[PDB]
$ cat my_file27.cif   # mmCIF, C-alpha atoms
data_input
#
loop_
_atom_site.group_PDB
_atom_site.id
_atom_site.type_symbol
_atom_site.label_atom_id
_atom_site.label_comp_id
_atom_site.auth_asym_id
_atom_site.auth_seq_id
_atom_site.Cartn_x
_atom_site.Cartn_y
_atom_site.Cartn_z
ATOM 1 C CA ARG A 516 59.449 -71.357 1.207
ATOM 2 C CA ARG A 517 57.370 -73.917 3.097
ATOM 3 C CA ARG A 518 54.336 -72.634 1.270
ATOM 4 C CA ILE A 519 54.848 -71.712 -2.354
ATOM 5 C CA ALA A 520 52.786 -68.865 -3.695
ATOM 6 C CA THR A 521 51.373 -68.289 -7.142
ATOM 7 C CA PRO A 522 51.416 -64.909 -8.940
ATOM 8 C CA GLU A 523 47.626 -64.946 -8.815
ATOM 9 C CA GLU A 524 47.852 -65.298 -5.016
ATOM 10 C CA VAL A 525 50.503 -62.572 -4.866
ATOM 11 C CA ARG A 526 48.294 -60.208 -6.879
ATOM 12 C CA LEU A 527 45.453 -61.132 -4.497
ATOM 13 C CA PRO A 528 46.703 -58.409 -2.042
ATOM 14 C CA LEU A 529 46.872 -55.996 -4.984
ATOM 15 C CA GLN A 530 43.199 -56.692 -5.637
ATOM 16 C CA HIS A 531 42.196 -55.754 -2.097
ATOM 17 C CA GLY A 532 44.344 -52.702 -1.392
ATOM 18 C CA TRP A 533 47.928 -53.832 -0.886
ATOM 19 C CA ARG A 534 50.655 -52.863 -3.336
ATOM 20 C CA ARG A 535 53.956 -54.469 -4.184
ATOM 21 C CA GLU A 536 56.987 -52.974 -5.855
ATOM 22 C CA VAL A 537 60.173 -54.770 -6.836
ATOM 23 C CA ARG A 538 63.438 -52.883 -6.857
ATOM 24 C CA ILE A 539 66.238 -54.296 -8.954
ATOM 25 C CA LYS A 540 69.713 -52.870 -8.584
ATOM 26 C CA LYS A 541 73.086 -53.826 -9.966
ATOM 27 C CA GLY A 542 75.366 -54.963 -7.191
ATOM 28 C CA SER A 543 79.136 -54.811 -6.953
ATOM 29 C CA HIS A 544 79.160 -58.601 -6.999
ATOM 30 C CA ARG A 545 75.868 -59.792 -8.381
ATOM 31 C CA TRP A 546 72.508 -58.752 -9.744
ATOM 32 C CA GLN A 547 70.045 -58.322 -6.899
ATOM 33 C CA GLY A 548 66.443 -57.366 -6.408
ATOM 34 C CA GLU A 549 64.036 -56.887 -3.545
ATOM 35 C CA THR A 550 60.310 -56.873 -3.117
ATOM 36 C CA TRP A 551 58.545 -54.147 -1.181
ATOM 37 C CA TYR A 552 55.065 -54.156 0.283
ATOM 38 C CA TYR A 553 52.819 -51.443 1.660
ATOM 39 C CA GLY A 554 49.935 -51.749 4.081
ATOM 40 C CA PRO A 555 46.716 -50.318 2.569
ATOM 41 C CA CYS A 556 45.764 -48.917 5.958
ATOM 42 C CA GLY A 557 49.060 -48.776 7.812
ATOM 43 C CA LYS A 558 52.846 -48.954 7.653
ATOM 44 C CA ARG A 559 54.971 -50.571 4.946
ATOM 45 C CA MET A 560 56.816 -53.858 5.150
ATOM 46 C CA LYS A 561 59.479 -55.545 3.059
ATOM 47 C CA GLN A 562 60.448 -58.283 5.481
ATOM 48 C CA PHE A 563 58.528 -61.510 6.001
ATOM 49 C CA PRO A 564 58.462 -61.071 9.849
ATOM 50 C CA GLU A 565 57.033 -57.585 9.228
ATOM 51 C CA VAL A 566 54.082 -58.956 7.315
ATOM 52 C CA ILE A 567 53.205 -61.712 9.817
ATOM 53 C CA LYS A 568 53.010 -59.072 12.521
ATOM 54 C CA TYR A 569 50.772 -56.797 10.444
ATOM 55 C CA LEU A 570 48.282 -59.611 9.964
ATOM 56 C CA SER A 571 48.347 -60.440 13.668
ATOM 57 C CA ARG A 572 47.857 -56.791 14.663
ATOM 58 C CA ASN A 573 45.211 -55.809 12.111
ATOM 59 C CA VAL A 574 42.082 -57.509 10.819
ATOM 60 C CA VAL A 575 42.747 -59.338 7.569
ATOM 61 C CA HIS A 576 40.847 -62.277 6.092
ATOM 62 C CA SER A 577 41.239 -61.795 2.341
ATOM 63 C CA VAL A 578 45.008 -62.174 2.283
ATOM 64 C CA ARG A 579 47.305 -64.244 4.492
ATOM 65 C CA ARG A 580 51.111 -64.330 4.719
ATOM 66 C CA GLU A 581 51.145 -66.772 1.759
ATOM 67 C CA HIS A 582 49.681 -64.085 -0.511
ATOM 68 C CA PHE A 583 52.807 -62.066 0.170
ATOM 69 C CA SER A 584 56.048 -63.078 -1.523
ATOM 70 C CA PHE A 585 59.298 -61.133 -1.555
ATOM 71 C CA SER A 586 60.937 -63.261 -4.224
ATOM 72 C CA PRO A 587 61.880 -60.847 -7.076
ATOM 73 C CA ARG A 588 61.184 -63.726 -9.446
ATOM 74 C CA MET A 589 57.484 -63.169 -8.888
ATOM 75 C CA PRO A 590 56.203 -61.143 -11.888
ATOM 76 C CA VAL A 591 53.153 -59.729 -10.147
ATOM 77 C CA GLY A 592 53.056 -55.996 -9.386
ATOM 78 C CA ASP A 593 55.581 -53.371 -10.290
ATOM 79 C CA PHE A 594 59.168 -53.953 -11.332
ATOM 80 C CA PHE A 595 61.864 -51.281 -11.413
ATOM 81 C CA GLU A 596 65.520 -51.216 -12.407
ATOM 82 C CA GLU A 597 67.976 -48.600 -11.113
ATOM 83 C CA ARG A 598 69.617 -46.897 -14.057
ATOM 84 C CA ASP A 599 71.852 -43.906 -14.763
ATOM 85 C CA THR A 600 70.658 -41.051 -16.911
ATOM 86 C CA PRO A 601 72.069 -37.657 -17.978
ATOM 87 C CA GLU A 602 69.822 -36.231 -15.241
ATOM 88 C CA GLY A 603 70.942 -38.762 -12.657
ATOM 89 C CA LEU A 604 70.093 -42.075 -11.081
ATOM 90 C CA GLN A 605 66.431 -42.833 -11.469
ATOM 91 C CA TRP A 606 64.421 -46.007 -10.968
ATOM 92 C CA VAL A 607 63.113 -47.037 -14.368
ATOM 93 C CA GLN A 608 59.996 -49.167 -14.422
ATOM 94 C CA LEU A 609 60.235 -52.446 -16.289
ATOM 95 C CA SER A 610 57.378 -53.722 -18.433
ATOM 96 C CA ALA A 611 55.950 -57.194 -18.016
ATOM 97 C CA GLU A 612 58.102 -58.191 -20.991
ATOM 98 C CA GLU A 613 61.263 -56.815 -19.334
ATOM 99 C CA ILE A 614 60.446 -58.379 -15.960
ATOM 100 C CA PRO A 615 61.494 -62.026 -16.749
ATOM 101 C CA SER A 616 64.675 -60.807 -18.412
ATOM 102 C CA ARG A 617 65.749 -59.092 -15.189
ATOM 103 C CA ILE A 618 64.572 -62.043 -13.102
ATOM 104 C CA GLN A 619 67.026 -64.234 -14.999
ATOM 105 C CA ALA A 620 69.928 -62.138 -13.728
ATOM 106 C CA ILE A 621 68.714 -61.780 -10.143
ATOM 107 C CA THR A 622 67.405 -65.346 -10.036
ATOM 108 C CA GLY A 623 68.586 -67.532 -7.191
ATOM 109 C CA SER A 624 67.242 -70.920 -6.169
#
$ encode --input "my_file27.cif" --output "structure tokens"
Amino acid sequence: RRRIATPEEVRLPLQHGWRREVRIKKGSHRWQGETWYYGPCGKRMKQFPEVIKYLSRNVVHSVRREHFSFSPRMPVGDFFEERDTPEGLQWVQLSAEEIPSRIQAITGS
């Protein structure tokens, strides 16, 4: 990233209306995770080029593209881990304490 964001900046959107969920799933090769975002007044984005367009199309002054980070190593909003249960596959939410443990697996400089 050309501009590195802080968790405080990434929660900045969460303070204004945006939300951010991180989905962590076990891959066939590696541990992976992805960060999702939702417009507080519009559609939902999980790609960087989707966020830049939202800002350009709508009026936003509180949060800029920098406040949005899709790195699953950012322990800001919600973290989930896909798990199997006797009822089926369900996305289990990770606590703040569990977050960094999962990040270590999905981490990638």
$ closest_residue --input "my_file27.cif" --among "A:600, A:593, A:526, A:575" --to "residue A:613" --atoms "only C-alpha atoms"
A:593
$ resolve_selection --input "my_file27.cif" --expression "the PyMOL selection byres ((chain A and resi 559-565) around 12)" --output "ChimeraX atom specification"
/A:516,533-538,548-558,566-572,579-587
$ closest_residue --input "my_file27.cif" --among "A:610, A:615, A:603, A:589" --to "residue A:519" --atoms "all atoms listed in the file"
A:589
$ residues_around --input "my_file27.cif" --residues "residue A:617" --least-positions-apart "6" --cutoff "10 Å" --atoms "all atoms listed in the file" --output "ChimeraX atom specification"
/A:539-540,546-548,587-588,594-596,609
$ atom_distance --input "my_file27.cif" --atom1 "atom CA of residue A:521" --atom2 "atom CA of residue A:590"
9.8 Å
$ closest_residue --input "my_file27.cif" --among "A:529, A:522, A:517, A:592" --to "residue A:577" --atoms "only C-alpha atoms"
A:529
$ atom_distance --input "my_file27.cif" --atom1 "atom CA of residue A:523" --atom2 "atom CA of residue A:591"
7.7 Å
$ atom_distance --input "my_file27.cif" --atom1 "atom CA of residue A:604" --atom2 "atom CA of residue A:619"
22.7 Å
$ axis_aligned_box --input "my_file27.cif" --around "stretch 568-572 of chain A" --padding-each-side "4 Å" --output "AutoDock Vina command-line options"
--center_x 50.4 --center_y -58.6 --center_z 12.3 --size_x 13.2 --size_y 11.6 --size_z 12.7
$ decode --input "my_file27.cif" --residues "stretch 587-611 of chain A" --atoms "N, CA, C and O atoms" --output "tab-separated table (two decimals), in the first residue's frame"
chain	number	residue	atom	x	y	z
A	587	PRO	N	-6.60	-8.49	5.78
A	587	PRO	CA	-7.21	-9.26	6.87
A	587	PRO	C	-6.31	-9.32	8.10
A	587	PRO	O	-6.57	-10.07	9.04
A	588	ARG	N	-5.26	-8.52	8.09
A	588	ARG	CA	-4.35	-8.42	9.21
A	588	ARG	C	-4.70	-7.19	10.03
A	588	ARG	O	-4.04	-6.87	11.02
A	589	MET	N	-5.74	-6.50	9.59
A	589	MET	CA	-6.24	-5.32	10.27
A	589	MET	C	-7.35	-5.71	11.25
A	589	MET	O	-8.48	-5.98	10.85
A	590	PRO	N	-7.04	-5.71	12.55
A	590	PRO	CA	-7.96	-6.16	13.60
A	590	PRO	C	-8.96	-5.09	14.02
A	590	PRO	O	-9.01	-4.69	15.18
A	591	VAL	N	-9.77	-4.63	13.08
A	591	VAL	CA	-10.65	-3.51	13.34
A	591	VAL	C	-12.10	-3.90	13.62
A	591	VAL	O	-12.54	-3.81	14.76
A	592	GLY	N	-12.85	-4.36	12.61
A	592	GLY	CA	-14.26	-4.61	12.82
A	592	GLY	C	-14.52	-6.04	13.22
A	592	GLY	O	-14.05	-6.50	14.26
A	593	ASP	N	-15.23	-6.76	12.37
A	593	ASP	CA	-15.63	-8.10	12.68
A	593	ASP	C	-14.77	-9.12	11.94
A	593	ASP	O	-14.41	-8.92	10.78
A	594	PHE	N	-14.42	-10.16	12.65
A	594	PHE	CA	-13.65	-11.28	12.11
A	594	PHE	C	-14.42	-12.58	12.23
A	594	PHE	O	-14.99	-12.88	13.28
A	595	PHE	N	-14.47	-13.35	11.15
A	595	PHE	CA	-15.16	-14.63	11.15
A	595	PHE	C	-14.27	-15.72	10.58
A	595	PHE	O	-13.39	-15.45	9.76
A	596	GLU	N	-14.52	-16.94	11.00
A	596	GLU	CA	-13.77	-18.10	10.53
A	596	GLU	C	-14.75	-19.19	10.13
A	596	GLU	O	-15.61	-19.57	10.93
A	597	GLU	N	-14.66	-19.69	8.90
A	597	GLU	CA	-15.58	-20.71	8.42
A	597	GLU	C	-15.23	-22.06	9.04
A	597	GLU	O	-14.10	-22.54	8.93
A	598	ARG	N	-16.21	-22.65	9.69
A	598	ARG	CA	-16.00	-23.86	10.46
A	598	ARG	C	-17.11	-24.86	10.18
A	598	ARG	O	-18.21	-24.48	9.76
A	599	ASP	N	-16.84	-26.13	10.43
A	599	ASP	CA	-17.84	-27.17	10.28
A	599	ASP	C	-18.43	-27.56	11.62
A	599	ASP	O	-17.72	-27.68	12.62
A	600	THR	N	-19.73	-27.72	11.63
A	600	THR	CA	-20.46	-28.09	12.82
A	600	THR	C	-21.40	-29.24	12.49
A	600	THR	O	-21.64	-29.53	11.32
A	601	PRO	N	-21.92	-29.93	13.51
A	601	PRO	CA	-22.89	-31.01	13.32
A	601	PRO	C	-24.18	-30.54	12.65
A	601	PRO	O	-25.00	-31.36	12.23
A	602	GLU	N	-24.36	-29.22	12.54
A	602	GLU	CA	-25.50	-28.67	11.82
A	602	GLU	C	-25.08	-28.23	10.42
A	602	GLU	O	-25.93	-28.04	9.54
A	603	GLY	N	-23.78	-28.06	10.22
A	603	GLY	CA	-23.29	-27.65	8.92
A	603	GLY	C	-22.18	-26.63	8.99
A	603	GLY	O	-21.63	-26.35	10.05
A	604	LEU	N	-21.85	-26.09	7.83
A	604	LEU	CA	-20.84	-25.05	7.73
A	604	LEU	C	-21.44	-23.71	8.10
A	604	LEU	O	-22.40	-23.25	7.48
A	605	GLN	N	-20.87	-23.10	9.11
A	605	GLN	CA	-21.34	-21.82	9.59
A	605	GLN	C	-20.13	-20.92	9.83
A	605	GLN	O	-19.04	-21.41	10.14
A	606	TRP	N	-20.30	-19.62	9.66
A	606	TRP	CA	-19.21	-18.69	9.86
A	606	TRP	C	-19.18	-18.29	11.33
A	606	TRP	O	-20.08	-17.61	11.81
A	607	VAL	N	-18.16	-18.73	12.04
A	607	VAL	CA	-18.06	-18.45	13.46
A	607	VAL	C	-17.23	-17.19	13.69
A	607	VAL	O	-16.13	-17.05	13.17
A	608	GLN	N	-17.79	-16.28	14.46
A	608	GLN	CA	-17.16	-15.01	14.73
A	608	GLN	C	-16.01	-15.18	15.71
A	608	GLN	O	-16.13	-15.89	16.72
A	609	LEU	N	-14.90	-14.53	15.41
A	609	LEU	CA	-13.71	-14.61	16.22
A	609	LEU	C	-13.69	-13.42	17.15
A	609	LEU	O	-14.07	-12.32	16.75
A	610	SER	N	-13.26	-13.60	18.39
A	610	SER	CA	-13.11	-12.50	19.31
A	610	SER	C	-11.83	-11.76	19.00
A	610	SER	O	-10.98	-12.26	18.25
A	611	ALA	N	-11.69	-10.57	19.56
A	611	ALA	CA	-10.49	-9.78	19.41
A	611	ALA	C	-9.25	-10.59	19.75
A	611	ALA	O	-8.20	-10.43	19.13
